[PDB]
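Chains as they are written, first to last, in the deposited numbering: chain BS, 1 to 112; chain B2, 2 to 53; chain BQ, 2 to 31, 33 to 118; chain BR, 1 to 101; chain BJ, 25 to 161.
Before any comments, here is the structure.
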Amino acid sequence: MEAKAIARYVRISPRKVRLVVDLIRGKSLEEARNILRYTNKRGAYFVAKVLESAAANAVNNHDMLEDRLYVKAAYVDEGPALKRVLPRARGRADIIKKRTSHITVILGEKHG
Amino acid sequence: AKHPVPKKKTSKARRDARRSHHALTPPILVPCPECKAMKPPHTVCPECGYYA
Amino acid sequence: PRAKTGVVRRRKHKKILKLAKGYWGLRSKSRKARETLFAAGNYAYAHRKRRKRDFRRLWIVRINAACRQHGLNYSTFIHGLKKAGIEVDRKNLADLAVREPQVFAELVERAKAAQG
Amino acid sequence: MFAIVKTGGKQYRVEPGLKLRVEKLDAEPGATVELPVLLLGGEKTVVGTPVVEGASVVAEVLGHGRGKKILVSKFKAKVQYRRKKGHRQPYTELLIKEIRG
Amino acid sequence: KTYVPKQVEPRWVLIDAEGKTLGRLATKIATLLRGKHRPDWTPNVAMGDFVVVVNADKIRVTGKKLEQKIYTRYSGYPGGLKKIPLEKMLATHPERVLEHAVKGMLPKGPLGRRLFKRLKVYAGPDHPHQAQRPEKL
RNA sequence: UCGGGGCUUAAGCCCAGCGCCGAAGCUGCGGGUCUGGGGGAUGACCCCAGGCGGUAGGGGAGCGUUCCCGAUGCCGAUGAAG
RNA sequence: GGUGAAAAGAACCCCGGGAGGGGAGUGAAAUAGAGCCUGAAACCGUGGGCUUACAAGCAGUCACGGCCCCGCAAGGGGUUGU
Ligand SMILES: [Mg+2]
Ligand SMILES: [Mg+2]
Ligand SMILES: [Mg+2]
Ligand SMILES: [Mg+2]
Ligand SMILES: [Mg+2]
Ligand SMILES: [Mg+2]
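Quick look at the structure:
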């Protein structure tokens, strides 16, 4: 058994959230919760919110118990990118790429 | 644009290698005297309080 | 009538890119593979001629090291056989030095007497 | 009984009946053919002349057939010259039977 | 298909060096260093015999050599071309003279460096009394 | 620094000798192809021998994409194209 | 420029500020779910097999061996140590 939870179209760089994700991959639920809590990063908030929802989905829809699930796997995906202009010296016009994320978090039953 | 310029498109392999030490490190926490909550060492905490 | 480039190219490319599968970096992900193949192509052909030469000498070291153990040069060994008129021991099957050494030994004895 | 035998320009020892593969030959599908060419044996069949006199290694032609298609390809730099070409060698499935010297 | 050898126990050897010409001796040591002497040769696996030498200082050398022969040690630093005559090597670590000999006749490849290990050298004699010791000339 | 290790009644130089290594040159076995030649109501195809590196360049034979006749046909939900 | 035969365009519950998801439901089809048919390539990412910290290079090719995977067997595929 496993429960997914995706957060598409999140305004933030992939490489940036990848760091946060790589921290909790394969971690106990409560253990991960505390990591995101006091972890000094912006990507923390977006991973914590979705991961939190992954638990709700795991419970209210998959008969999984809160006290026995973990992160079977998780990963962020690169969504589209919001290209913007940028006034540069001597009139050069460089495009800036405000990328987006696709954080995925899948929980799972532990053992027996 | 000026004198400093990359001579060659760095190989994807060589790039990833650079970000070797790039990996983060999990924060450190400890169970408090109050709740079972995990406080960072040498600190107070919300929803728990402190003494003296 | 217009003829779109259509699928023609994509098939030609992936066709090649599959052949180049296994290589390194872009060298196995693009037209770079094509270049690499030309080298590999001419490498296979050249190393095909080499493959004979490789074993030619491969056996010779076996042969020479073998009869040198009995007590004679490779040139001495072969000269005797070329004289005794025994095309039998093709340098490849001279490997007898490992398989049935007694046989190889008697072949040396023949060479010993065949010379003088 | 290590019996040598040259056929198809190449020669190789022969075990007492065993599956072998040799150059193509003008023989029936599953018939029999005798190779008078023979060198040595199991009990030191010293080959006086180039090839042993009275002796023969027989084997049943198990069948013909082509094999792996090796790919040849020439190329030359700074000059539009490239030759793709395929080639696969035919071979007979000589199943060793008799090995009487 | 040509014989495909397998794991083979290391055949050690005890080698003298008194009066032996530097080059002439190193030659045999190297050829025996790799399994090139045994008819079961295979450049791939590399399974040469463990050669151990003694009486290094005893090595002879023809004519102007103790004085003429020069060695070269170059550090990456400027002027670090430091060079040494043969006589000095015999004074300091003499075992070196034969090592740099065999080392020079070993193949340039990685396995060749693995072979250089198989080569032991001293001057006393008195080797590390292990077990094998098949004397030879 | 002779390519390097090394080499001194030589691993140097000159003279004579026998043996071997070593190319994609040659021979062996197999297959292509083109050319000339032979068998041949038998078109056919079998057999013999030789040529076959190759830029500009000439010649020759094919594969493949778009569309038309073939089509008021045939294949196609038991699955077309991609 | 293109959802689908039809809007039947996802009521209601759950996480959430929202966005977006997980159920449920419609549909023949939801990796047809909304700039949504088909979805190739570059490029980013997770999991798995093999591999690498004494090594020198147009990255391949030729041989041998080990490890992993398919097969009644011989054999074939992936990886790369030398
Ligand atoms: Mg500015
Ligand atoms: Mg850019
Ligand atoms: Mg070139
Ligand atoms: Mg034409
Ligand atoms: Mg669909
Ligand atoms: Mg393999």
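All residues carry an ideal CB built from backbone N, CA and C; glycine is no exception.
Given residue i as reference, the closest of the options once Cα atoms are compared
{"i": "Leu40 (chain BR)", "options": "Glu108 (chain BQ), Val8 (chain BQ), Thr38 (chain BQ), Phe79 (chain BQ)", "result": "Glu108 (chain BQ)"}
{"i": "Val110 (chain BQ)", "options": "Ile4 (chain BR), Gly67 (chain BR), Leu38 (chain BR), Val47 (chain BR)", "result": "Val47 (chain BR)"}
{"i": "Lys89 (chain BJ)", "options": "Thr45 (chain BJ), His151 (chain BJ), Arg157 (chain BJ)", "result": "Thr45 (chain BJ)"}
{"i": "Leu83 (chain BQ)", "options": "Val51 (chain BR), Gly42 (chain BR), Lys6 (chain BR)", "result": "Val51 (chain BR)"}
{"i": "residue 119 (chain BS)", "options": "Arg92 (chain BS), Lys98 (chain BS), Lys27 (chain BS), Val76 (chain BS)", "result": "As shown, chain BS starts at 1 and ends at 112. That puts residue 119 (chain BS) outside it, with no answer to give."}
{"i": "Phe2 (chain BR)", "options": "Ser56 (chain BR), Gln80 (chain BR), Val61 (chain BR), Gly65 (chain BR)", "result": "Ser56 (chain BR)"}
{"i": "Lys44 (chain BR)", "options": "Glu102 (chain BQ), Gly118 (chain BQ), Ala113 (chain BQ)", "result": "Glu102 (chain BQ)"}
{"i": "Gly87 (chain BJ)", "options": "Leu122 (chain BJ), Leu110 (chain BJ), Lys30 (chain BJ), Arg97 (chain BJ)", "result": "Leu110 (chain BJ)"}
{"i": "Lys19 (chain BR)", "options": "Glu60 (chain BR), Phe75 (chain BR), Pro29 (chain BR)", "result": "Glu60 (chain BR)"}
{"i": "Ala147 (chain BJ)", "options": "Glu123 (chain BJ), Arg58 (chain BJ), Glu91 (chain BJ), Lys107 (chain BJ)", "result": "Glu123 (chain BJ)"}
{"i": "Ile6 (chain BS)", "options": "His102 (chain BS), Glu109 (chain BS), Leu107 (chain BS)", "result": "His102 (chain BS)"}
{"i": "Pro34 (chain BJ)", "options": "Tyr27 (chain BJ), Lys25 (chain BJ), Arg58 (chain BJ)", "result": "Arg58 (chain BJ)"}
{"i": "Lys110 (chain BS)", "options": "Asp67 (chain BS), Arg25 (chain BS), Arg88 (chain BS)", "result": "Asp67 (chain BS)"}
{"i": "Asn94 (chain BQ)", "options": "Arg55 (chain BQ), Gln117 (chain BQ), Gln104 (chain BQ), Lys34 (chain BQ)", "result": "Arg55 (chain BQ)"}
Nearest-angstrom Cα separation, counted from residue j out to residue i
{"i": "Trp25 (chain BQ)", "j": "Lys13 (chain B2)", "result": "11 Å"}
{"i": "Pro16 (chain BR)", "j": "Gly112 (chain BS)", "result": "60 Å"}
{"i": "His117 (chain BJ)", "j": "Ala155 (chain BJ)", "result": "26 Å"}
{"i": "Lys4 (chain BS)", "j": "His23 (chain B2)", "result": "28 Å"}
{"i": "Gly67 (chain BR)", "j": "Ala70 (chain BJ)", "result": "34 Å"}
{"i": "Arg83 (chain BR)", "j": "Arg10 (chain BQ)", "result": "20 Å"}
{"i": "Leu71 (chain BR)", "j": "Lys85 (chain BR)", "result": "6 Å"}
{"i": "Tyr47 (chain BQ)", "j": "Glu98 (chain BR)", "result": "39 Å"}
{"i": "residue 57 (chain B2)", "j": "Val31 (chain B2)", "result": "Residue 57 (chain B2) cannot be examined here, being either before or after the span of chain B2 that is shown, 2 to 53."}
{"i": "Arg70 (chain BQ)", "j": "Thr55 (chain BJ)", "result": "13 Å"}
{"i": "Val121 (chain BJ)", "j": "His14 (chain BQ)", "result": "59 Å"}
{"i": "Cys36 (chain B2)", "j": "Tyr52 (chain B2)", "result": "13 Å"}
{"i": "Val71 (chain BS)", "j": "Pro67 (chain BJ)", "result": "51 Å"}
{"i": "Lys8 (chain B2)", "j": "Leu27 (chain BQ)", "result": "18 Å"}
{"i": "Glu78 (chain BS)", "j": "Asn57 (chain BS)", "result": "23 Å"}
{"i": "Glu91 (chain BJ)", "j": "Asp81 (chain BJ)", "result": "15 Å"}
{"i": "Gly30 (chain BR)", "j": "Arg157 (chain BJ)", "result": "60 Å"}
{"i": "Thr26 (chain BJ)", "j": "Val100 (chain BQ)", "result": "10 Å"}
{"i": "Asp63 (chain BS)", "j": "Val85 (chain BS)", "result": "49 Å"}
{"i": "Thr49 (chain BR)", "j": "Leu98 (chain BQ)", "result": "19 Å"}
Contact test: residue i Cβ vs ligand 3 heavy atom, cutoff 7 Å
{"i": "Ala77 (chain BR)", "result": "yes"}
Test item: CB-CB of residue i and residue j under 8 Å
{"i": "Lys160 (chain BJ)", "j": "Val85 (chain BJ)", "result": "no"}
{"i": "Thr104 (chain BS)", "j": "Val10 (chain BS)", "result": "no"}
{"i": "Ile17 (chain BQ)", "j": "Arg36 (chain BQ)", "result": "yes"}
{"i": "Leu29 (chain BS)", "j": "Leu69 (chain BS)", "result": "yes"}
{"i": "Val59 (chain BS)", "j": "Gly43 (chain BS)", "result": "no"}
{"i": "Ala41 (chain BJ)", "j": "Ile83 (chain BJ)", "result": "yes"}
{"i": "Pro134 (chain BJ)", "j": "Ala67 (chain BQ)", "result": "no"}
{"i": "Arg100 (chain BR)", "j": "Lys69 (chain BR)", "result": "no"}
{"i": "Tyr98 (chain BJ)", "j": "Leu105 (chain BJ)", "result": "yes"}
{"i": "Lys98 (chain BS)", "j": "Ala81 (chain BS)", "result": "yes"}
{"i": "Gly23 (chain BQ)", "j": "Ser29 (chain BQ)", "result": "yes"}
{"i": "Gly91 (chain BS)", "j": "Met1 (chain BS)", "result": "no"}
{"i": "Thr39 (chain BS)", "j": "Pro28 (chain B2)", "result": "yes"}
{"i": "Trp61 (chain BQ)", "j": "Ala96 (chain BQ)", "result": "yes"}
{"i": "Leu23 (chain BS)", "j": "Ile35 (chain BS)", "result": "yes"}
Cβ-heavy atom distance, residue i to ligand 1, below 7 Å
{"i": "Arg84 (chain BS)", "result": "no"}
{"i": "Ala89 (chain BS)", "result": "yes"}
Cβ-heavy atom distance, residue i to ligand 7, below 7 Å
{"i": "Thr26 (chain BJ)", "result": "Absence of ligand 7 from the depicted structure is noted, with ligand 1, ligand 2, ligand 3, ligand 4, ligand 5 and ligand 6 being the only ligands included."}
(message) Would the region 89-107 of chain BQ count as touching the region 4-15 of chain BR if we require 3 or more Cβ pairs under 8 Å?
(response) Taking 8 Å as the limit for Cβ pairs, the verdict is that the region 4-15 of chain BR does touch the region 89-107 of chain BQ.
(message) Check whether the region 74-83 of chain BQ and the region 37-53 of chain BQ are in contact - that is, three or more C-beta pairs closer than 8 Å.
(response) Counting Cβ pairs under 8 Å, fewer than three are found: no touch.
(message) Under 8 Å, with one C-beta from each stretch per pair, do the region 68-87 of chain BJ and the region 139-149 of chain BJ reach the 3-pair mark?
(response) Result yes; three or more Cβ-Cβ pairs closer than 8 Å.
(message) Between the region 25-42 of chain BR and the region 49-66 of chain BJ, can you find at least three pairs of beta-carbon atoms closer than 8 Å?
(response) The region 49-66 of chain BJ is not in contact with the region 25-42 of chain BR.
(message) Three or more C-beta pairs under 8 Å: does that hold for the region 21-28 of chain BR against the region 84-94 of chain BR?
(response) Contact between the region 21-28 of chain BR and the region 84-94 of chain BR is present: three or more C-beta pairs spanning the two stretches fall below 8 Å.
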